[PDB]
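The next block holds one structure in the form of C-alpha cells; read it before the comments.
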Amino acid sequence: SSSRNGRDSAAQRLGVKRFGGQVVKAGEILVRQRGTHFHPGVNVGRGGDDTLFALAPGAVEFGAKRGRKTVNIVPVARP
Amino acid sequence: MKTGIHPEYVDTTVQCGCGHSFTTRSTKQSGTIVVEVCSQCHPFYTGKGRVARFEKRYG
Amino acid sequence: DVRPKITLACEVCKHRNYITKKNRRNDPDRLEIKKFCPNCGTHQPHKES
Amino acid sequence: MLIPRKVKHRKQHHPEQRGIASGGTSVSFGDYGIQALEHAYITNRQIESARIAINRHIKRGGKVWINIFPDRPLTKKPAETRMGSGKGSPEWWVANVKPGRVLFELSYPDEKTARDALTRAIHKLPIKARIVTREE
Amino acid sequence: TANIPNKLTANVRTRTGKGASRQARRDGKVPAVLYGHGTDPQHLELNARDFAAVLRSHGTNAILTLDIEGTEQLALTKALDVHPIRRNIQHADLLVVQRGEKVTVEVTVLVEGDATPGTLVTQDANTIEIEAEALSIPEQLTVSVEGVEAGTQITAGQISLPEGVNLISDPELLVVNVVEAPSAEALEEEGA
Amino acid sequence: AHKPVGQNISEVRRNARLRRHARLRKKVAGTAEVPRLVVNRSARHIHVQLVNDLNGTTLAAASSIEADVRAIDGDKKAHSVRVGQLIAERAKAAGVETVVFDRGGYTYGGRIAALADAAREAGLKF
RNA sequence: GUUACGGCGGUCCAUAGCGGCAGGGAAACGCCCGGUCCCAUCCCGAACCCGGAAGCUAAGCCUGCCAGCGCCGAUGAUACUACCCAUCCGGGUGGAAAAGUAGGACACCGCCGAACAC
RNA sequence: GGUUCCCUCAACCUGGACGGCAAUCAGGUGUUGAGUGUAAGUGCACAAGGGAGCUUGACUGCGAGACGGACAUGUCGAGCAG
RNA sequence: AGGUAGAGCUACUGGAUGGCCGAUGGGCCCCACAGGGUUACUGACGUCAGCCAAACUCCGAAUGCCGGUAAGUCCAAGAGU
Ligand SMILES: [Zn+2]
C-alpha cells in the first residue's frame with residue numbers, strides 16, 4: 001500500500017504590500033491578489049492579474065464604497 | 001415592420017352561404033374567399049350530400 | 001499536429017513578421033489577416049506561409 | 001449501531017478535548033438524563049450497549065432519547081507494519097463528549113426504576129456521569 | 001394574583017471586570033445589573049444565599065424589592081447565568097418595573113393526573129409565554145390529564161389562565177402529547 | 001375591489017433607464033476643468049445640466065421650460081437645438097471650455113444628438 | 001422665502017429595505033393617441049425612435065401613520081487570550097467576543113430648476 | 001480575442017395538442033442558490049454571465065516605479081511616438 | 001489588512017435527534033378502467049425544539065506583522081546599514 005497524495009505548488013506570496021498610511025511613489029504595487037477582494041479607488045489601477053498599483057504619489061488609505069473594499073491614494077501636501 | 005420578409009398581405013372579402021359577408025385583411029392572394037359555415041350559420045353559436053341522399057332515395 | 005505553428009508574411013515585401021498557432025482542422029485554408037509591417041511602415045495584409 | 005450515511009471527508013484529524021460543553025447541557029425531551037463529567041470519545045458500540053441496558057430494565061413502557069451521534073471517524077493502520085506509507089483506513093466512529101454534555105434521556109412513570117435503569121448505563125461508558133432531572 | 005415583593009439588600013459595585021467578579025463570588029455574592037426604563041444601568045451585588053432562597057420558593061420570575069443604599073426599587077428577575085457543572089448563579093439581569101405595567105414572561109406548565117393505564121405522557125414544550133401585570137405573574141401553570149384517551153394533543157391554547165393574563169405564544173404549541181405506551185418490540189427499533 | 005397584478009410599463013421603463021445610466025457612469029465623471037453634461041429627455045421637454053462630481057454641484061443649466069424656448073414654432077427637435085445653444089452660452093460664460101457628454105441613459109440620436117450637435121458648433125467641444 | 005414639486009449626487013450604502021392603511025396632479029414627472037418623416041424588431045411601433053395633447057392620477061412617483069418580516073444594537077456577565085505565579089488542580093494584571101436582553105429605527109445631508117411670494 | 005450597444009438567471013406556482021417531473025408558449029413570485037472552455041480557491045448581478053454589429057492591439061521602438069527573490073528564473077506597470 | 005481561539009447556522013455546503021401536518025407508495029375495499037376512505041403501515045416538502053465540522057462561515061478576539069510619532073538606553077547596546 002501507498003499514498004496517492006503528495007503534490008503541491010509553490011507559494012505565490014500574495015497579500016497586502018503597502019498598509020494604510022504608507023507613502024508610496026507612482027506605479028508601486030499595493031496589493032497582490034487573485035480576484036478583486038479589494039477594488040481600485042482614486043489614483044489606483046488594476047493590473048492584468050488583478051494587482052493594484054498606485055497611479056500617483058501619495059499615502060495609502062483603505063475605504064469602503066457601497067460594501068466594496070477599496071484602496072485610495074491621498075495626495076500628501078508639499079512642505 | 002420589416003419590408004422584404006413578410007408574406008404578401010391582401011385586403012380580402014368573406015362570403016358565406018347564408019348571405020353574411022365580411023371585409024377583412026388576410027394572406028389570400030385573390031382578395032376574396034367563400035366559407036360554407038360562419039358565426040351566424042353554426043348551430044352551436046345560434047343554439048339551433050350524404051344526408052341529402054337519405055331524403056332523396058328514402059325520403 | 002492539430003495546432004501547428006504558422007508564420008505570417010507580408011503581401012508586399014514578403015517579409016516574415018509574425019508567428020502564431022491555428023487549428024488546421026477548423027481552418028484548413030491559409031490564414032489571411034491584417035498586421036502592422038515594420039518595413040512598409042503601415043498595416044498590410046499578411047498571409048500564412 | 002449508529003453510522004452516518006455519508007461524510008465528505010473520510011480521514012480526519014482527532015477531535016479536540018478541551019473546554020466544557022456550550023450547548024446540549026440541559027434535559028429537553030425526557031424527564032431524566034445522564035450528564036457527562038469528563039472528556040472522552042464515545043464509540044458507537046458503547047451507545048448500543050448502553051441503550052440496551054436501559055431497555056432491559058424498564059421492559060415495556062417508556063421512551064429513550066440519544067442526544068449524541070457518532071459522526072467523526074478514527075483510523076487504524078494495518079497490524080504489524082512499520083511507521084509511514086500513508087494514513088490508516090477508518091475503523092470506528094466516535095462522538096466528542098465534553099463535561100456538562102447530556103447524553104441520554106428517559107421518560108418513565110416511577111422514579112426508582114428510572115434512576116436504576118440509567119445507572120445500568122453509566123457502567124458501560126468510559127467516563128464518570130451523573131443523573132439529572134428537568135427541575136432546577 | 002397579588003404577590004408581596006421580596007426585600008433584598010443590594011450594594012453598588014466599586015470595581016467591575018472579571019477579576020472583581022470572581023472575587024465577589026468567592027465572598028458569597030452575585031453581580032447584577034438593573035436596567036429598564038430607567039435607561040441607566042446600575043451595577044449591583046447581591047447575597048448569594050439570600051438570592052437563592054428567593055428563587056427556590058417563589059420561582060424564577062420572582063418580583064424583588066432592592067434596597068440600593070437607602071433607595072427602594074421594584075425589580076423583576078429577567079435572566080440568570082448558571083454554571084453547567086458547579087450549578088451556580090454567576091450573574092442576574094434585573095428589569096425595573098412599576099405597578100400597573102404589563103410584562104412578557106415565560107412560566108412553567110405542570111402535568112398532574114393519571115391517564116389511561118395503556119398510555120405514556122410526553123411533554124413537548126416546557127414553558128409558554130404570557131403577558132401579565134408586573135405584580136400578578138402566576139408562579140406556575142397546571143394542566144390535567146385524567147382519563148385522557150390514546151393520541152391527543154393538549155395545545156397551548158387550552159391552558160386555563162387566570163384573569164388579567166393573556167397568551168402571547170401562538171395557540172398551536174403542542175404542550176402535552178399523550179400517546180400509546182411503547183411495547184418491548186417498539187423499544188428495540190428506536191435508536192438502532 | 002381592485003388590485004394590480006404585475007408591473008406597469010412606466011415602472012419598467014423608469015428602472016431600466018437608471019439601470020443603463022449607472023452603467024454609463026462607470027466611465028464618465030465630472031471635474032471642475034472638464035464638467036459632465038447630463039441630459040434628461042421626456043415626452044414633452046428636455047433638460048441639461050453641467051455637474052461637477054467632486055463636489056456634487058451644478059455649474060450651469062438650461063431647459064425647455066423657459067419662455068424663450070417655448071416661443072419656437074418648430075417641432076421637438078427644434079426645441080433641442082435652442083436648448084443646445086443656450087448651454088454653450090452659459091457654460092462659456094462661467095469659464096468652461098471642455099466637457100464630457102453624459103447621454104443620460106438614452107439612445108444617442110434624434111433629440112439627444114440634435115442637442116449635442118447644436119452645442120458643438122456653438123463653442124463647447126466634446 | 002414657501003411647497004404633498006422635478007433632476008444630479010453622497011453615507012464605513014437596509015437605523016435607508018419588505019409589507020399594510022389613507023391621500024396629490026399649479027408647472028413638471030407619467031401613463032395616453034398615432035406610425036407621415038430620422039430610427040427598430042433574430043417575428044411584433046410591445047421595447048428603441050419620431051409627431052402630438054382627447055382622457056387619468058387607476059399604476060410609476062410623491063406625502064402622513066403603523067414595529068408584522070427583515071436591519072442596527074448597548075451596559076453587565078461568560079468563552080477565549082498576551083504576560084506572570086503555581087510540583088500533576090488552579091489563580092493575578094491587561095484586552096475582550098459570538099449568542100441573548102434593554103432599546104433604536106418606516107432615513108439623513110448637499111447643489112441646481114420650477115410655481116407662488118418679494 | 002478588441003471595441004460599441006442591449007439584457008438578467010436557476011428554482012417554484014398557475015394555464016396550455018400530442019407532452020409526461022423535465023422540450024417550446026404564456027402570467028406571477030424570485031438578489032443570486034444558475035453560469036463562468038478545463039481542477040480548486042479568490043471573484044463576478046455594477047456584471048467578469050446572455051445576444052448582436054464592425055474588426056485583428058493575439059502590434060512596431062520604448063518604458064518611470066515596483067513585487068518576489070542564494071543565483072539563474074518569474075510577475076505587474078502608468079505613460080511617450082508610429 | 002486578516003480569519004485563527006471562540007461561537008453560530010431558517011446565513012451557505014455537508015452530518016444529524018425527537019414531535020406535528022402530510023403529496024408520494026404496499027396495498028384492501030371504490031364490482032373491470034376513472035371513481036373515497038381504509039391501515040402497529042413507507043413517508044418528500046414545510047414547521048417547533050435540542051446539536052456537530054481542518055478542507056462550513058451571517059460573525060470574530062488576544063497576540064504577532066507593516067508604517068508614523070514622542071521619548072528611553074546613549075564615557076553603551078559594544079546596536080543597525
Ligand atoms: Zn511589408
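Numbers below:
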item	result
Among E:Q23, E:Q90, E:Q123, residue whose mean-square fluctuation peaks in a GNM of chain E (springs only between Cα atoms under 10 Å)	E:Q23
As computed over the stretch D:77-136, the Cα convex hull volume per residue (Å³)	143
Centroid-to-centroid separation of the stretch E:19-40 and the stretch E:60-87 [C-alpha atoms, Å]	10
Principal axes of chain D: Cα extent on each, largest first, Å	57, 31, 25
Under-5 Å amide H pairs with D:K124, H placed in peptide plane, nonlocal only	none
Packing-based exposure ordering (other Cβ within 10 Å, fewest first) of A:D8, F:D102	A:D8, F:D102
Total formal charge among the other residues, if their Cβ is under 12 angstrom from that of E:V111, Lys/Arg +1 and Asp/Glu -1	-4
3J(HN,Hα) from dihedral phi, the stretch A:11-23, Karplus parametrisation 6.51/-1.76/1.60, rounded to Hz, x for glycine, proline	5, 8, 6, 7, x, 9, 8, 10, 8, x, x, 5, 8
Computed Rg/Rh of chain A, alpha carbon atoms with Kirkwood Rh	1.20
Geometric extent, Cα atoms of the stretch E:1-98 - Rg, Dmax (angstrom)	12.9, 42
Residue order, fewest to most beta carbons within 10 Å, for D:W92, D:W65	D:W92, D:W65
Amide proton proximity set for E:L44, modelled H, under 5 Å, gap of 5+	E:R13, E:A32, E:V33, E:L34
Qualifying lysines (Cα of each under 20 Å from Cα of F:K27; at least 8 residues distant if same chain)	A:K65, A:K69, F:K125
Unit charges on C-beta of K, R, D, E only; dipole of the protein assembly as shown, Debye	5220
Global geometry of the stretch F:1-122, whether rounded, prolate or oblate, following the gyration tensor of its Cα atoms and the 1.5 cut on a/c	oblate
Footprinting exposure proxy for B:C38, C:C10 (fewest neighbouring C-beta atoms within 10 Å first)	B:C38, C:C10
Kirkwood-type radius of the stretch E:42-192, with distances r between different C-alpha atoms, in Å	18.3
Above-threshold pairs, the threshold being 25 Å between Cα atoms, out of D:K8/D:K124; B:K2/C:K34; D:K11/D:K128; A:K17/F:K26; D:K6/D:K77; A:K25/C:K35	D:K8/D:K124; B:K2/C:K34; D:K11/D:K128; A:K17/F:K26; A:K25/C:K35
Square roots of five times the Cα gyration tensor eigenvalues for the protein assembly as shown, Å	73, 47, 41
In order through the stretch D:32-37: 3J(HN,Hα) via Karplus (6.51 cos²θ - 1.76 cosθ + 1.60), integer Hz, x for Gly, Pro	10, x, 10, 10, 6, 10
Part-to-part distance (alpha-carbon centres) for the stretch F:34-113 and the stretch D:87-108, which is given in Å	75
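With ideal geometry, Cβ positions are generated from the backbone for all residues, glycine too; neighbour counts draw on all protein chains shown. Since every read-out is calculated from the coordinates, none of them should be taken as a lab result.
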